[PDB]
Protein chains: 2
Amino acid sequence: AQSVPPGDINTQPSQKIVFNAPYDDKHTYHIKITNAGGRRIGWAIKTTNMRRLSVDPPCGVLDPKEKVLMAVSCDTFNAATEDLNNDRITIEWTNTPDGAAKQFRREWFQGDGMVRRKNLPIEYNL
Amino acid sequence: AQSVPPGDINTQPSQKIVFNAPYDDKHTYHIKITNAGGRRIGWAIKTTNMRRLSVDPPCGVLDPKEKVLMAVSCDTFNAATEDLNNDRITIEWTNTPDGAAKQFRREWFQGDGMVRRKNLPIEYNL
């Protein structure tokens, strides 16, 4: 009936993910997200490197109290002589407009209302 | 042909597991183990608490260069006001005797040869 801000989408982890070994093969860590709002929301992901890490689905439209699974694969590598404290993800979302279209749009961020965003610290466990 | 010590069984993680959130439901973390020896080996697991944590299969007989999956479930709880630095697992194994029987025996530890054992530090990520 009245205005409705972008409900804080639940996240698990909420802000701390330690990619547990081994690093000898692409390890896809499943993430849990949920829409804690009243209406749908257009969210997108961004990582320091879109080559090594692979987040899918990168962008999508969640529903009211809808649950979705994420996949963050990490290509193999050598953590014996490589710094591991510069990897961080970004998850933002904004309430879609009245009867928005069926497709993530960039206008949803340059329109009315406010957009939320939180970076998730990455970790590497051996 | 000649004597054969208990090949160091590969572990992933090898000595560091951070049970990533959430803690609102039994989360079973899959572990990777492998027999790096020439013959089978009888191994067993032990945790500080056999009530909260559940490791299965607890004991079994691995084969030469055989891979096996483990399941370490962790009952839900509240990590907002509970110490999380006293949980540690124990994985030991000893080369089975010549044509050993098809069933983990305790005599394999009180016989000839040497037995290996390593504790895996537990962690809790929110």
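Residues numbered from 1 in each chain as written, not as in the entry; some residues may be left out. Chains lettered and ligands numbered in written order. Heavy atoms only, no water.

- Header annotation of the entry names solution NMR as the structure determination method.

- As named in the PDB entry, chain A is MAJOR SPERM PROTEIN, taken from Ascaris suum.
- Here the PDB entry's recorded title is "MOTILE MAJOR SPERM PROTEIN (MSP) OF ASCARIS SUUM, NMR, 20 STRUCTURES".
- According to UniProt, the comment filed for chain A under the heading Function is "Central component in molecular interactions underlying sperm crawling. Forms an extensive filament system that extends from sperm villipoda, along the leading edge of the pseudopod."
- Turning to chain A, the UniProt record has this under Subunit: "Forms filaments 10 nm wide, with a characteristic substructure repeating axially at 9 nm." (UniProt positions renumbered as here; feature names shortened; annotations may be inferred.)

Quick word on the sheet that holds strand β2 (residues 17-20) of chain A
Residue and element names in this part refer to chain A.
- One open sheet accounts for five strands, arranged β2-β9-β8-β4-β6; its pairing is mixed. One side of each edge strand has no neighbouring strand; the edge strands of this open sheet are β2 and β6 (59-62). Adjacent strand axes in the sheet meet at a mean angle of 25° when their direction is disregarded. (Pairing = 2+ DSSP bridges. Helix = DSSP H or I, 4+ residues; strand = E, 2+ residues; numbered from the N terminus. Axes fitted to C-alpha atoms, helices over the stretch in contact; angles between N-to-C directions.)

Observations regarding the UniProt feature "domain: MSP" in chain A
- Per the UniProt entry, the sites bearing "domain: MSP" are residues 8-125 of chain A in this numbering.
- Structurally, residues 8-125 of chain A comprises 0% helix and 47% strand, and the distance from its first C-alpha atom to its last is 29 Å.

Observations concerning the relation of the copies chain A and chain B
- The transform that puts chain A on chain B rotates by 180° and translates by 0.1 Å along the axis, for an RMSD of 0.0 Å. Read as a symmetry element, the transformation amounts to a two-fold axis. The position closest to the rotation axis in chain A is occupied by the C-alpha of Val18 of chain A, lying 3.4 Å away.
- Comparing interface residues between copies, 100% of those in chain A also sit at the interface in chain B, which points to an isologous, same-surface contact. (Least-squares fit on C-alpha atoms. Contact = heavy atoms within 4.5 Å.)

Structural notes on the pattern of salt bridges
- A full pass over the atoms with the stated rule returns six salt bridges over all chains.
- The residue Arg117 of chain A makes a salt bridge to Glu92 of chain A at a minimum N-O spacing of 3.2 Å. You can see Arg117 of chain A sitting in strand β9 (residues 116-125) and its partner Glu92 of chain A sitting in strand β8 (residues 88-95), a full 25 residues away along the chain.
- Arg117 of chain A sits in the exposed class, given a relative accessible area of 55%.
- Note on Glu92 of chain A: relative accessible area 15%, which makes it buried.
- Of the charged contacts, one joins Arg116 of chain B and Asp8 of chain B as a salt bridge, the two residues approaching to 3.6 Å between their closest N and O atoms. Residue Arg116 of chain B is located in strand β9 (residues 116-125), and its partner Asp8 of chain B is located in the segment before β1 (10-12); the two are separated by 108 residues in the primary sequence. (Salt bridge = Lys/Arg side-chain N within 4 Å of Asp/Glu carboxyl O. Buried < 20%, exposed > 50% of the residue type's maximum accessible area, 1.4 Å probe, protein only.)

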